[PDB]
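Novice: This is the structure, below, for whatever I ask next.
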Amino acid sequence: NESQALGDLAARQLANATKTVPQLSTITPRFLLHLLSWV
Amino acid sequence: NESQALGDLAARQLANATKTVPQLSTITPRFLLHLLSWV
Amino acid sequence: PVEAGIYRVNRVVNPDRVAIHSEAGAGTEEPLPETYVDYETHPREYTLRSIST
Amino acid sequence: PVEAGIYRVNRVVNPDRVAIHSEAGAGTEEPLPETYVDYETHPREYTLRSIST
Amino acid sequence: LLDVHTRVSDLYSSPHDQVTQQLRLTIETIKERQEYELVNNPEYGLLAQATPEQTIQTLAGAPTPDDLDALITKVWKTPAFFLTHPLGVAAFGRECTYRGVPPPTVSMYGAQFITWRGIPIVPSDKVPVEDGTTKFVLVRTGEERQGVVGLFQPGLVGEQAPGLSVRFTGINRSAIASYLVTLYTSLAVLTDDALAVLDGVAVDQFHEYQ
Amino acid sequence: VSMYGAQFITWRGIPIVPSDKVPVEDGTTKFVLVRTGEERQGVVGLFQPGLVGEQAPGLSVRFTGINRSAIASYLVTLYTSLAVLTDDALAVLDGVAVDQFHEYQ
Amino acid sequence: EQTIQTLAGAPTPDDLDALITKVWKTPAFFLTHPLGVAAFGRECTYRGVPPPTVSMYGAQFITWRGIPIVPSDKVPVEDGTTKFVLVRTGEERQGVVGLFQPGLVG
C-alpha cells in the first residue's frame with residue numbers, strides 16, 4: 001500500500017537498541033556460602 | 001569446528017554500531033544561490 | 001573513529017518521490033502535496049579488518 | 001527505561017560446556033581445561049507497543 | 001506538506017531526532033527546487049527573461065573561445081560569471097585544448113572554476129541538455145551596477161532561514177503530525193544588458209590527433 | 001501481610017495478590033508465580049522516558065486541533081512491554097477449578 | 001556506472017575531463033601510477049598544453065583543472081595498463097572516508 005509517512009522498519013535503522021549483559025540461567029542464590037563462617 | 005574462544009558474531013550482539021544521518025545523493029553545491037545578491 | 005568496529009551508512013531511497021509544488025503565476029487554492037523521506041531498510045555496514053604480524 | 005523503544009536480552013548458550021577442574025586430593029601436574037562463555041547469536045528483542053485513544 | 005507519524009518520533013528518536021532529519025532532508029529538496037526554478041521558471045527564470053537581442057547561436061555547434069568572446073561583447077560592462085552544464089564545461093575544455101590555449105583556474109567556495117578572460121565558468125545540473133544541446137549564460141549581479149538580483153520575503157512567521165518557514169498544522173486522527181514548509185522567491189533584471197544567452201551548444205563533438 | 005493498604009494471604013511467606021484481569025472461563029482460572037528484578041534476572045516492565053507532552057512516566061497528552069464543529073481533540077498515548085530475563089522466573093498453574101465446596105457433617 | 005574506458009588507450013586531457021564530469025561536485029585529487037603520470041605528461045606535451053604544479057607535503061604535484069595528480073606505486077600496472085582514480089573526501093560533503101578504532105590497549 002501507499003504509506004503516508006516513514007515506517008518503523010526504516011526508522012529503526014537510526015536508533016540504538018538497549019543491550020543487557022548476558023544472563024546465566026545456572027546462577028543460584030548460593031545460601032551455603034553465606035551461612036558458613038570462613039577461617 | 002571446535003572454536004577456542006568467543007566468535008565475532010556472538011560478541012557483536014553486545015556492541016553499538018556507529019550510525020550516520022541519511023545521505024541524500026541529489027544534494028548539489030548550489031553555486032547559483034551563493035553567487036547572487038538577495039534584496 | 002568507529003566506537004565499536006561497526007560503521008553503518010544510512011541512505012535515502014527514491015529521492016525522486018519527494019513531491020514539491022512551485023507556482024508559476026497567480027496562485028490558487030489547490031491542495032498541497034503530502035510526502036515524506038524514505039530510508040533504505042538494509043544499509044551497508046562496514047566492519048574494521050586487521051593487518052597484523 | 002528503554003532509550004529508543006528496543007530492548008535486547010542477551011543470554012548464555014550451553015552453560016554446561018564450561019569446563020572446570022577441581023582436585024579431590026594430592027594435586028598433580030596435569031594440563032588445565034581451556035574454555036569460554038558462548039552467547040546466543042539471535043537474542044530476543046522487545047519493542048514497546050502503544051495503548052492510545 | 002511533510003507527514004510524520006507520532007509513534008516513529010516517540011520511539012526511535014535516540015541518538016538522532018527523526019523530525020529534525022525529515023525536516024533537514026525536505027529543506028534540502030526545497031532548496032534544490034529553488035535553484036531549479038531560478039533557471040527554468042517560465043515567468044522569472046533566467047532563460048525566459050533574456051531578450052531576443054541578447055541571444056546568439058554558436059558558429060559551428062561546439063562552444064569555442066570565439067563564441068564566448070561574442071557572448072562577452074553583449075555583457076561587456078563588468079560580467080560576473082558563466083553558467084552551464086558540466087558537459088558544456090567538458091566540451092569547452094576540449095575545444096580550448098584543440099587550440100592549445102589552456103585557461104587558468106580560480107578557487108571559490110572550496111571548488112576550482114575554469115575562467116575565460118578572468119570570468120569564472122560555474123557548472124550547474126539544472127541547465128537543461130536536450131538532444132546533446134545545452135546553453136551558456138552570462139550574468140552581471142548587483143543593485144549598484146544595475147544587474148540581476150534575487151528577491152525574498154523577510155520577517156516570516158516560523159522562520160528557519162531567511163525566506164523559509166516551518167509551521168505545525170496538527171494531527172489527523174491517525175496519530176500522524178503534519179508540517180508546512182514554505183519558501184518565496186523571485187528574480188529581477190534591472191537592465192536588459194545584464195544578461196545574455198548562448199544557444200545551440202553541442203556537447204558531443206570530439207577531435208582527432210593523428 | 002499488609003501492603004498498599006490491603007491485606008494479602010501469604011503461602012510459605014509469598015503473598016497472594018488478586019486481579020480481575022486473570023481470565024475465568026468455564027469455572028477455571030490460573031495461578032501465576034513471578035520473580036521480579038534486574039539484579040536477580042527476573043521479570044521487568046519497560047517504558048519510554050522523555051516523551052513530548054508527558055504527564056506520567058510513559059504517558060503523554062497532546063492537543064490536536066478543532067474539527068469545524070467546535071470540538072477539540074486530545075491524543076493520549078502509552079507505550080509498554082514486558083521482558084523475562086530468565087525462563088525460570090515465571091511459572092503458571094492451570095486447570096484451577098473455583099466452584100468446588102466441601103461438606104461438614 | 002562510474003567506470004569509463006580510454007578513448008584511444010593513452011591518457012589524454014579529454015579522458016580526464018570525462019572523468020571529472022562524473023565527480024564534478026568538488027573533486028579532491030587524482031591517483032595513478034608514476035608511469036601513468038609520465039604518460040599523461042607526454043600526452044599533454046604533444047598537444048602543447050603544459051599544466052601548472054602545486055606544493056603539498058614537500059612534493060610537487062601536476063594539476064589538471066586545479067585538481068592535483070598524486071602518484072602511488074600501489075596502483076597495479078599489468079600488461080602496460082594502469083588506472084586513474086578521482087575521489088572526493090570528507091564527511092560534510094558526503095565523500096570517501098577512512099575508519100579506525102580509537103582507544104586501543106598498547
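In the C-alpha cells, chains take the letters A, B, ... in the order shown, each chain's residues start at 1, and ligands count up from 1 in the order shown.
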With a distance cut-off of 8 Å and only C-alpha atoms, select the neighbouring residues of segment 70-81 of chain E, excluding the residue or stretch itself and same-chain residues fewer than 4 positions from it, and output the selection as a ChimeraX atom specification.

Specialist: /E:54,56,66,119-122,138-141,193-198

Novice: Output N, CA and C atoms for every residue in that selection, as a compact mmCIF listing (two decimals), in the first residue's frame.

Specialist:
# COMPACT_ATOMS: atom_id res chain seq x y z
N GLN E 54 19.62 39.71 -27.01
CA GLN E 54 20.73 39.29 -26.17
C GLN E 54 21.03 37.80 -26.30
N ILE E 56 22.34 34.60 -28.86
CA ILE E 56 23.10 34.31 -30.06
C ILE E 56 23.25 32.80 -30.20
N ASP E 66 35.80 31.84 -29.52
CA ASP E 66 35.16 32.90 -30.28
C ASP E 66 33.72 33.13 -29.82
N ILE E 119 36.74 35.59 -16.16
CA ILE E 119 35.37 35.37 -15.71
C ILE E 119 35.20 33.87 -15.47
N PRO E 120 34.88 33.45 -14.24
CA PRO E 120 34.77 32.01 -13.97
C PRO E 120 33.58 31.37 -14.67
N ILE E 121 33.74 30.09 -14.99
CA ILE E 121 32.67 29.27 -15.57
C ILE E 121 32.19 28.32 -14.48
N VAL E 122 30.92 28.44 -14.13
CA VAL E 122 30.33 27.73 -12.99
C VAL E 122 29.41 26.64 -13.53
N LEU E 138 25.59 34.29 -19.38
CA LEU E 138 26.48 35.28 -18.80
C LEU E 138 25.64 36.32 -18.07
N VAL E 139 26.00 36.61 -16.82
CA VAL E 139 25.16 37.39 -15.92
C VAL E 139 26.02 38.39 -15.15
N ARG E 140 25.50 39.60 -14.99
CA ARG E 140 26.05 40.59 -14.07
C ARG E 140 25.10 40.75 -12.90
N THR E 141 25.63 40.74 -11.68
CA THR E 141 24.83 40.80 -10.47
C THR E 141 25.12 42.08 -9.70
N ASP E 193 20.80 44.65 -20.56
CA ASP E 193 22.16 44.29 -20.94
C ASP E 193 22.94 43.60 -19.82
N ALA E 194 22.27 43.17 -18.76
CA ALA E 194 22.91 42.44 -17.67
C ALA E 194 22.81 40.93 -17.82
N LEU E 195 22.22 40.44 -18.90
CA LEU E 195 22.01 39.01 -19.08
C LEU E 195 22.05 38.67 -20.57
N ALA E 196 22.72 37.57 -20.90
CA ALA E 196 22.79 37.10 -22.27
C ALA E 196 22.84 35.58 -22.27
N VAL E 197 22.42 34.98 -23.38
CA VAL E 197 22.31 33.54 -23.52
C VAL E 197 22.94 33.11 -24.83
N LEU E 198 23.79 32.09 -24.78
CA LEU E 198 24.34 31.44 -25.97
C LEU E 198 23.63 30.11 -26.16

Novice: Distance table requested - chain B against chain C, cut-off 10 Å, only C-alpha atoms: one row per qualifying residue with the closest atom pair and its distance in Å to one decimal, ordered by chain and rising residue number, as a tab-separated table.

Specialist:
residue	atom	partner	partner_atom	distance
B:12	CA	C:4	CA	8.7
B:14	CA	C:4	CA	9.7
B:15	CA	C:4	CA	6.2
B:16	CA	C:4	CA	6.2
B:17	CA	C:6	CA	5.0
B:18	CA	C:7	CA	4.9
B:19	CA	C:8	CA	5.0
B:20	CA	C:9	CA	5.5
B:21	CA	C:10	CA	6.2
B:22	CA	C:10	CA	4.6
B:23	CA	C:11	CA	4.7
B:24	CA	C:12	CA	5.7
B:25	CA	C:12	CA	7.7
B:26	CA	C:15	CA	7.2

Novice: Counting only C-alpha atoms, collect the residues of chain E whose closest atom lies at most 12 Å from chain A, and write them out as a ChimeraX atom specification.

Specialist: /E:1-19,21-22,172,174-178

Novice: Using only C-alpha atoms for the distances, tell me which of G:7, G:99, G:105, G:16 is nearest to chain B.

Specialist: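 Of all the options, G:99 lies closest to chain B.
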
Novice: Both chains have the same sequence, so match all Cα atoms in order, fit chain C onto chain D by least squares, and return it as a PDB file with N, CA and C atoms, in the first residue's frame.

Specialist:
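Once written, result-v4.pdb looks like this:
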ATOM      1  N   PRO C   1      13.755   1.728  32.028  1.00  0.00           N
ATOM      2  CA  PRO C   1      13.616   2.591  30.850  1.00  0.00           C
ATOM      3  C   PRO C   1      14.288   2.004  29.619  1.00  0.00           C
ATOM      4  N   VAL C   2      13.702   2.302  28.463  1.00  0.00           N
ATOM      5  CA  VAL C   2      14.251   1.932  27.165  1.00  0.00           C
ATOM      6  C   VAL C   2      14.489   3.221  26.393  1.00  0.00           C
ATOM      7  N   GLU C   3      15.733   3.436  25.959  1.00  0.00           N
ATOM      8  CA  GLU C   3      16.100   4.729  25.387  1.00  0.00           C
ATOM      9  C   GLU C   3      15.505   4.947  23.999  1.00  0.00           C
ATOM     10  N   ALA C   4      15.350   3.887  23.198  1.00  0.00           N
ATOM     11  CA  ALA C   4      14.858   4.068  21.837  1.00  0.00           C
ATOM     12  C   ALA C   4      13.835   3.008  21.449  1.00  0.00           C
ATOM     13  N   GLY C   5      13.099   2.474  22.420  1.00  0.00           N
ATOM     14  CA  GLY C   5      11.989   1.592  22.128  1.00  0.00           C
ATOM     15  C   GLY C   5      12.345   0.152  21.830  1.00  0.00           C
ATOM     16  N   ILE C   6      13.627  -0.206  21.831  1.00  0.00           N
ATOM     17  CA  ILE C   6      14.066  -1.566  21.540  1.00  0.00           C
ATOM     18  C   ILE C   6      14.859  -2.077  22.734  1.00  0.00           C
ATOM     19  N   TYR C   7      14.508  -3.270  23.207  1.00  0.00           N
ATOM     20  CA  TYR C   7      15.163  -3.895  24.350  1.00  0.00           C
ATOM     21  C   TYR C   7      15.656  -5.270  23.930  1.00  0.00           C
ATOM     22  N   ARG C   8      16.959  -5.502  24.062  1.00  0.00           N
ATOM     23  CA  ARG C   8      17.586  -6.756  23.663  1.00  0.00           C
ATOM     24  C   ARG C   8      18.062  -7.494  24.907  1.00  0.00           C
ATOM     25  N   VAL C   9      17.644  -8.748  25.045  1.00  0.00           N
ATOM     26  CA  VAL C   9      18.020  -9.590  26.175  1.00  0.00           C
ATOM     27  C   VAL C   9      19.050 -10.599  25.683  1.00  0.00           C
ATOM     28  N   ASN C  10      20.294 -10.441  26.126  1.00  0.00           N
ATOM     29  CA  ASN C  10      21.371 -11.350  25.758  1.00  0.00           C
ATOM     30  C   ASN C  10      21.450 -12.499  26.755  1.00  0.00           C
ATOM     31  N   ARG C  11      21.664 -13.708  26.239  1.00  0.00           N
ATOM     32  CA  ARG C  11      21.647 -14.916  27.050  1.00  0.00           C
ATOM     33  C   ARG C  11      22.838 -15.800  26.712  1.00  0.00           C
ATOM     34  N   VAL C  12      23.295 -16.546  27.714  1.00  0.00           N
ATOM     35  CA  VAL C  12      24.367 -17.519  27.539  1.00  0.00           C
ATOM     36  C   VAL C  12      23.779 -18.821  27.011  1.00  0.00           C
ATOM     37  N   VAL C  13      24.428 -19.402  26.004  1.00  0.00           N
ATOM     38  CA  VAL C  13      24.009 -20.672  25.422  1.00  0.00           C
ATOM     39  C   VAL C  13      24.961 -21.764  25.888  1.00  0.00           C
ATOM     40  N   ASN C  14      24.411 -22.951  26.129  1.00  0.00           N
ATOM     41  CA  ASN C  14      25.170 -24.118  26.562  1.00  0.00           C
ATOM     42  C   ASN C  14      26.012 -23.846  27.812  1.00  0.00           C
ATOM     43  N   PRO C  15      25.377 -23.540  28.950  1.00  0.00           N
ATOM     44  CA  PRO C  15      26.150 -23.299  30.178  1.00  0.00           C
ATOM     45  C   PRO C  15      26.878 -24.529  30.693  1.00  0.00           C
ATOM     46  N   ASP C  16      26.509 -25.727  30.240  1.00  0.00           N
ATOM     47  CA  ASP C  16      27.141 -26.954  30.705  1.00  0.00           C
ATOM     48  C   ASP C  16      28.461 -27.249  30.007  1.00  0.00           C
ATOM     49  N   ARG C  17      28.819 -26.483  28.979  1.00  0.00           N
ATOM     50  CA  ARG C  17      30.058 -26.692  28.245  1.00  0.00           C
ATOM     51  C   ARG C  17      31.221 -25.885  28.808  1.00  0.00           C
ATOM     52  N   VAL C  18      31.015 -25.174  29.910  1.00  0.00           N
ATOM     53  CA  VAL C  18      32.115 -24.522  30.614  1.00  0.00           C
ATOM     54  C   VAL C  18      32.751 -25.549  31.541  1.00  0.00           C
ATOM     55  N   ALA C  19      34.001 -25.905  31.260  1.00  0.00           N
ATOM     56  CA  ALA C  19      34.681 -26.990  31.953  1.00  0.00           C
ATOM     57  C   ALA C  19      35.548 -26.432  33.072  1.00  0.00           C
ATOM     58  N   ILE C  20      35.434 -27.033  34.254  1.00  0.00           N
ATOM     59  CA  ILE C  20      36.190 -26.627  35.429  1.00  0.00           C
ATOM     60  C   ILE C  20      36.858 -27.865  36.008  1.00  0.00           C
ATOM     61  N   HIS C  21      38.037 -27.672  36.592  1.00  0.00           N
ATOM     62  CA  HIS C  21      38.783 -28.745  37.233  1.00  0.00           C
ATOM     63  C   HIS C  21      38.834 -28.508  38.735  1.00  0.00           C
ATOM     64  N   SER C  22      38.431 -29.517  39.502  1.00  0.00           N
ATOM     65  CA  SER C  22      38.532 -29.493  40.954  1.00  0.00           C
ATOM     66  C   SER C  22      39.251 -30.753  41.406  1.00  0.00           C
ATOM     67  N   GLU C  23      40.254 -30.586  42.262  1.00  0.00           N
ATOM     68  CA  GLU C  23      41.044 -31.708  42.740  1.00  0.00           C
ATOM     69  C   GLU C  23      40.473 -32.243  44.046  1.00  0.00           C
ATOM     70  N   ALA C  24      40.451 -33.570  44.171  1.00  0.00           N
ATOM     71  CA  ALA C  24      39.959 -34.195  45.392  1.00  0.00           C
ATOM     72  C   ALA C  24      41.082 -34.383  46.404  1.00  0.00           C
ATOM     73  N   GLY C  25      42.286 -34.685  45.926  1.00  0.00           N
ATOM     74  CA  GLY C  25      43.426 -34.861  46.803  1.00  0.00           C
ATOM     75  C   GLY C  25      44.720 -35.118  46.059  1.00  0.00           C
ATOM     76  N   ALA C  26      45.839 -34.653  46.622  1.00  0.00           N
ATOM     77  CA  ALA C  26      47.179 -34.903  46.087  1.00  0.00           C
ATOM     78  C   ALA C  26      47.299 -34.402  44.644  1.00  0.00           C
ATOM     79  N   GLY C  27      47.191 -33.080  44.513  1.00  0.00           N
ATOM     80  CA  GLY C  27      47.271 -32.408  43.229  1.00  0.00           C
ATOM     81  C   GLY C  27      48.432 -32.832  42.352  1.00  0.00           C
ATOM     82  N   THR C  28      48.217 -32.829  41.041  1.00  0.00           N
ATOM     83  CA  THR C  28      49.187 -33.302  40.065  1.00  0.00           C
ATOM     84  C   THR C  28      49.591 -32.154  39.138  1.00  0.00           C
ATOM     85  N   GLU C  29      50.341 -32.496  38.093  1.00  0.00           N
ATOM     86  CA  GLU C  29      50.838 -31.539  37.112  1.00  0.00           C
ATOM     87  C   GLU C  29      50.188 -31.769  35.752  1.00  0.00           C
ATOM     88  N   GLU C  30      48.879 -32.043  35.748  1.00  0.00           N
ATOM     89  CA  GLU C  30      48.151 -32.288  34.513  1.00  0.00           C
ATOM     90  C   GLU C  30      47.686 -30.975  33.888  1.00  0.00           C
ATOM     91  N   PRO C  31      47.535 -30.939  32.562  1.00  0.00           N
ATOM     92  CA  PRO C  31      47.090 -29.704  31.903  1.00  0.00           C
ATOM     93  C   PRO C  31      45.672 -29.326  32.306  1.00  0.00           C
ATOM     94  N   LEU C  32      45.429 -28.017  32.391  1.00  0.00           N
ATOM     95  CA  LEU C  32      44.129 -27.487  32.770  1.00  0.00           C
ATOM     96  C   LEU C  32      43.203 -27.387  31.557  1.00  0.00           C
ATOM     97  N   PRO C  33      41.891 -27.473  31.771  1.00  0.00           N
ATOM     98  CA  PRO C  33      40.952 -27.260  30.665  1.00  0.00           C
ATOM     99  C   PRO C  33      40.938 -25.809  30.210  1.00  0.00           C
ATOM    100  N   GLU C  34      40.647 -25.620  28.925  1.00  0.00           N
ATOM    101  CA  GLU C  34      40.525 -24.300  28.319  1.00  0.00           C
ATOM    102  C   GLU C  34      39.111 -24.138  27.783  1.00  0.00           C
ATOM    103  N   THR C  35      38.446 -23.045  28.162  1.00  0.00           N
ATOM    104  CA  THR C  35      37.038 -22.858  27.831  1.00  0.00           C
ATOM    105  C   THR C  35      36.751 -21.380  27.594  1.00  0.00           C
ATOM    106  N   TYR C  36      35.489 -21.097  27.277  1.00  0.00           N
ATOM    107  CA  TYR C  36      34.985 -19.743  27.095  1.00  0.00           C
ATOM    108  C   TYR C  36      33.478 -19.780  27.305  1.00  0.00           C
ATOM    109  N   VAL C  37      32.867 -18.599  27.341  1.00  0.00           N
ATOM    110  CA  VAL C  37      31.426 -18.461  27.523  1.00  0.00           C
ATOM    111  C   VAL C  37      30.820 -18.026  26.196  1.00  0.00           C
ATOM    112  N   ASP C  38      29.845 -18.790  25.714  1.00  0.00           N
ATOM    113  CA  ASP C  38      29.206 -18.545  24.430  1.00  0.00           C
ATOM    114  C   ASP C  38      27.885 -17.805  24.615  1.00  0.00           C
ATOM    115  N   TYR C  39      27.541 -16.990  23.621  1.00  0.00           N
ATOM    116  CA  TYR C  39      26.324 -16.192  23.626  1.00  0.00           C
ATOM    117  C   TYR C  39      25.393 -16.636  22.505  1.00  0.00           C
ATOM    118  N   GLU C  40      24.109 -16.334  22.678  1.00  0.00           N
ATOM    119  CA  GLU C  40      23.127 -16.605  21.636  1.00  0.00           C
ATOM    120  C   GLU C  40      23.279 -15.591  20.510  1.00  0.00           C
ATOM    121  N   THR C  41      23.298 -16.079  19.272  1.00  0.00           N
ATOM    122  CA  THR C  41      23.519 -15.223  18.113  1.00  0.00           C
ATOM    123  C   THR C  41      22.255 -14.520  17.636  1.00  0.00           C
ATOM    124  N   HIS C  42      21.080 -14.948  18.090  1.00  0.00           N
ATOM    125  CA  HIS C  42      19.811 -14.301  17.755  1.00  0.00           C
ATOM    126  C   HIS C  42      19.010 -14.076  19.031  1.00  0.00           C
ATOM    127  N   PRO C  43      19.427 -13.125  19.866  1.00  0.00           N
ATOM    128  CA  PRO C  43      18.685 -12.855  21.101  1.00  0.00           C
ATOM    129  C   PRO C  43      17.311 -12.268  20.818  1.00  0.00           C
ATOM    130  N   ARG C  44      16.387 -12.521  21.741  1.00  0.00           N
ATOM    131  CA  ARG C  44      15.051 -11.951  21.643  1.00  0.00           C
ATOM    132  C   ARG C  44      15.094 -10.445  21.869  1.00  0.00           C
ATOM    133  N   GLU C  45      14.363  -9.710  21.035  1.00  0.00           N
ATOM    134  CA  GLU C  45      14.291  -8.258  21.111  1.00  0.00           C
ATOM    135  C   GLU C  45      12.853  -7.837  21.380  1.00  0.00           C
ATOM    136  N   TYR C  46      12.675  -6.925  22.332  1.00  0.00           N
ATOM    137  CA  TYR C  46      11.367  -6.396  22.694  1.00  0.00           C
ATOM    138  C   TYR C  46      11.236  -4.966  22.189  1.00  0.00           C
ATOM    139  N   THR C  47      10.105  -4.669  21.559  1.00  0.00           N
ATOM    140  CA  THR C  47       9.771  -3.322  21.124  1.00  0.00           C
ATOM    141  C   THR C  47       8.460  -2.893  21.772  1.00  0.00           C
ATOM    142  N   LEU C  48       8.439  -1.664  22.281  1.00  0.00           N
ATOM    143  CA  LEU C  48       7.282  -1.164  23.011  1.00  0.00           C
ATOM    144  C   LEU C  48       6.065  -1.056  22.099  1.00  0.00           C
ATOM    145  N   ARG C  49       4.899  -1.375  22.652  1.00  0.00           N
ATOM    146  CA  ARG C  49       3.632  -1.294  21.944  1.00  0.00           C
ATOM    147  C   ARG C  49       2.752  -0.220  22.570  1.00  0.00           C
ATOM    148  N   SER C  50       1.863   0.337  21.754  1.00  0.00           N
ATOM    149  CA  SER C  50       1.113   1.528  22.118  1.00  0.00           C
ATOM    150  C   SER C  50      -0.296   1.182  22.578  1.00  0.00           C
ATOM    151  N   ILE C  51      -0.757   1.900  23.599  1.00  0.00           N
ATOM    152  CA  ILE C  51      -2.147   1.894  24.039  1.00  0.00           C
ATOM    153  C   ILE C  51      -2.603   3.345  24.008  1.00  0.00           C
ATOM    154  N   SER C  52      -3.519   3.671  23.096  1.00  0.00           N
ATOM    155  CA  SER C  52      -3.834   5.067  22.832  1.00  0.00           C
ATOM    156  C   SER C  52      -5.293   5.215  22.427  1.00  0.00           C
ATOM    157  N   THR C  53      -5.780   6.452  22.518  1.00  0.00           N
ATOM    158  CA  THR C  53      -7.143   6.792  22.132  1.00  0.00           C
ATOM    159  C   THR C  53      -7.205   8.289  21.855  1.00  0.00           C
TER     160      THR C  53
END

Novice: To one decimal place in Å, what is the distance between atom CA of residue 79 of chain F and atom CA of residue 58 of chain F?

Specialist: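 We find that atom CA of residue 79 of chain F and atom CA of residue 58 of chain F lie 6.1 Å from each other.
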
Novice: Given only C-alpha atoms, how would the per-residue table for chain F near chain A read, listing every residue at most 12 Å away with its closest atom pair and distance in Å to one decimal, sorted by chain and number, as a Markdown table?

Specialist:
| residue | atom | partner | partner_atom | distance |
| --- | --- | --- | --- | --- |
| F:38 | CA | A:20 | CA | 9.8 |
| F:39 | CA | A:23 | CA | 10.3 |
| F:40 | CA | A:29 | CA | 9.0 |
| F:41 | CA | A:23 | CA | 7.1 |
| F:42 | CA | A:23 | CA | 10.3 |
| F:46 | CA | A:18 | CA | 11.0 |
| F:48 | CA | A:18 | CA | 11.6 |
| F:83 | CA | A:20 | CA | 11.4 |
| F:84 | CA | A:23 | CA | 10.7 |
| F:85 | CA | A:23 | CA | 6.9 |
| F:86 | CA | A:25 | CA | 6.2 |
| F:87 | CA | A:25 | CA | 7.8 |
| F:88 | CA | A:25 | CA | 7.8 |
| F:89 | CA | A:25 | CA | 9.8 |

Novice: Report, in Å to a single decimal, how far apart atom CA of residue 4 of chain F and atom CA of residue 29 of chain F are.

Specialist: 24.7 Å

Novice: May I ask you to extract the residues of chain F within 8 Å of chain E, using only C-alpha atoms, and to give them as a list in words?

Specialist: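 Per the criterion, chain F yields residues 48, 51, 52, 64, 65 and 75 of chain F.
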
Novice: Could you work out which residues of chain E fall inside 12 Å of chain C? Count only C-alpha atoms, and format the result as a PyMOL selection string.

Specialist: chain E and resi 1-5+18-38+40-45+176-186

Novice: Put those residues in a file: C-alpha atoms, as a short mmCIF file (atom, residue, chain, number, x, y, z; two decimals), in the first residue's frame.

Specialist:
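And here is the file that came out, out_12.cif:
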data_model
loop_
_atom_site.label_atom_id
_atom_site.label_comp_id
_atom_site.auth_asym_id
_atom_site.auth_seq_id
_atom_site.Cartn_x
_atom_site.Cartn_y
_atom_site.Cartn_z
CA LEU E 1 3.45 19.20 3.44
CA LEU E 2 5.57 16.78 5.48
CA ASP E 3 3.90 13.90 7.34
CA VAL E 4 5.50 12.30 10.41
CA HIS E 5 3.92 9.54 12.50
CA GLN E 18 13.52 11.78 13.44
CA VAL E 19 11.58 15.02 12.87
CA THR E 20 14.82 17.00 12.59
CA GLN E 21 16.20 14.63 9.95
CA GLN E 22 12.96 14.67 7.96
CA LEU E 23 12.86 18.47 8.07
CA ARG E 24 16.52 18.74 7.03
CA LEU E 25 16.07 16.47 4.02
CA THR E 26 12.85 18.23 2.99
CA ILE E 27 14.58 21.62 3.24
CA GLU E 28 17.47 20.36 1.10
CA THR E 29 15.00 19.17 -1.54
CA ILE E 30 13.17 22.51 -1.39
CA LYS E 31 16.42 24.44 -1.89
CA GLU E 32 17.33 22.26 -4.88
CA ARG E 33 13.87 23.02 -6.28
CA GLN E 34 14.50 26.74 -5.75
CA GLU E 35 17.81 26.51 -7.63
CA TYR E 36 16.00 24.69 -10.45
CA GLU E 37 13.24 27.33 -10.56
CA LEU E 38 15.63 30.30 -10.65
CA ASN E 40 13.87 27.13 -15.56
CA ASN E 41 10.80 29.05 -14.35
CA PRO E 42 8.67 30.19 -17.34
CA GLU E 43 7.93 33.53 -15.60
CA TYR E 44 11.05 34.73 -13.73
CA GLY E 45 13.68 32.23 -14.89
CA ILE E 176 0.29 11.47 12.13
CA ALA E 177 1.51 15.05 12.50
CA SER E 178 1.99 17.43 9.57
CA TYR E 179 4.27 20.41 8.97
CA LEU E 180 4.06 23.19 6.39
CA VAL E 181 7.37 24.25 4.81
CA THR E 182 7.18 27.30 2.54
CA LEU E 183 9.64 29.41 0.55
CA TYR E 184 9.04 32.54 -1.53
CA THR E 185 11.44 33.65 -4.25
CA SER E 186 11.67 35.67 -7.46
#

Novice: Write out as a ChimeraX atom specification the residues lying within 10 Å of segment 59-63 of chain G, counting only C-alpha atoms and excluding same-chain residues fewer than 4 positions away.

Specialist: /G:29-30,37,40-41,50-55,67-71

Novice: So how many Å separate atom CA of residue 153 of chain E and atom CA of residue 165 of chain E, to one decimal?

Specialist: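 Those two atoms sit 10.5 Å apart.
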
Novice: Compute the set of chain G residues within 10 Å of chain B, using only C-alpha atoms, and express it as a compact mmCIF listing (two decimals) with C-alpha atoms, in the first residue's frame.

Specialist:
# COMPACT_ATOMS: atom_id res chain seq x y z
CA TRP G 24 32.04 17.20 -10.82
CA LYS G 25 30.94 18.09 -7.26
CA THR G 26 34.22 19.21 -5.61
CA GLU G 91 32.03 13.73 5.87
CA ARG G 93 30.48 16.70 1.59
CA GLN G 94 29.38 13.03 1.61
